[PDB]
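Given as structure tokens, the chain that follows is alone and in the form deposited in one PDB entry.
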């Protein structure tokens, strides 16, 4: 499950490890050739996963030679996880970027492409350029997809062995491809593998975010409207293979599984994680909390230990700062108005006895180097030189080791966030890459968070334990109590969310159906058989409206049928004439004459234009009618859902009823798609010369 699959993966790592000597002997150009060899074997029927050891050994030697970086064993494990339908949890500083080169290479081999998905355009370009030398070294091409990029350049990016771009541009390209009128206009290939770089934002926070293409199609002054829509969740769901990465930034494993059927695997850190996460401390009042924070700081800084303090607001950043100053403790506040000051502060935040106050600390942040960053120190130098550097490093080693000795970076959370993943991000700022460190969070009985115990009498019991000034005790049940509360908030929030996804699933299955139909049309030149086929459906249904099947003549509405055929099929037949003249004519033979006549008329239009022109007109009419009924259906499904509140209630589930109305409305649209296609083809004015 975790260490069952991990102990199985460790066996493979040993084999990759056992292969390095073999790989070290290989020439650069022999490493290049392995890719072609792997593909030959796949062509002969080999199973991809059988290639992982050799493939991963190849990638690791290529990196060594190219980046001067050798994947660690835990990065091998990470890369195996990402080949499966999984989230690899890898802690910050663990080299997720380099790890991702592994499953990208592996899943590039079948020739079906890879989509590495980034949170923004800077990272897509940056990661494509950084990795392009590695992948070219192994005979693979690298694409980059950006907004604004012309279609032929996008096709090229999707045609590469491995592609980089944001979630957004991938999703938009998919939508635009399902508005194409010829398959050649498509930019994407089949959606094979999506490797998602930060799944918390991309897959969880953005799951239900619609991606929309809008337009003034406004067939009938004229408005904007949705022409094509998909949510992120339902986009990523289209891929054959989906995987992603995040930091020990978890608490949401159950959600990945619900939303995506993604398992999450906790990947072990390269070095033992030794940060001491100390029990949560609870105080009656904010003031006694702050005095406690100040006394911890005072104590640790006197020992040489740097501290980073996270708060939830500027106001609270100010308060602890003023109180530190009142206590004589030098520090810096990270002030979001002064970015240059911020980078300068951050740089020396791991310096002996440094104290930094940060307001709503981000995810990941700049690494805090213990003892200071000495690279900032030469960065400063205007003519850096040898003896000069060496003195700096050597003075730094001493500081670094003194900071480690003193316990590494201490993190203080002055409050907890309602989301523990945020708390976890702050805390993860310390103890990176094996470094000594610690963390402590402070709560008061005032703290907003003491409100997710949805009871003022419950919470205020903790008062009767006392919290008594200096005479703190520590109670670790509190830490788990608080963690559990945070768990229940997420879980409550997700139940709500999961109901909203069950509504989303109605639109998803409708979209999937209409698009797969649209794509079957798009993929062929000749839509004849379908046309012929729906023509009989349309005439049957149209005739049934005036001639109830197997009715006597007296129930028939021939006047009404005649006009209908005139009005909608430009088909003006003397049906009354027929009946009143042939006492042979039964209902079935009337149905045929009518059908036959439509056909004869259409065949002469074809004779004028030519077959090819006609085949492509049919196809375009189908796609175009499909598109405009879908647009109309999207708008109507939107009105339907937003009116979900007072429709299903007296023992019926709303939904059950929405699913009913939705089914009925989708069913009707497909009938109406056949109607409108045959109506258009029937009515197309062609100007006819003689014979």
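Here, rigid core means the biggest group of C-alpha atoms that superpose within 1.5 Å across both forms. Positions refer to the first chain, counted from 1.
There is another form of the same protein, the form deposited in another entry; it is not shown, and what comes next is about it.
With the core fitted between the shown form and the other one, just one of 192, 364, 615, 593 shows a Cα displacement of at least 2 Å, namely 593. Annotation: Cα of residue 656 displaced by at least 2 Å between the shown form and the other one, core superposition. In this overlay on the rigid core, residue 644 has a C-alpha that sits 2 Å or more away from its partner position between the shown form and the other one. Superposition of the core reveals a Cα shift of less than 2 Å for residue 508 between the shown form and the other one.
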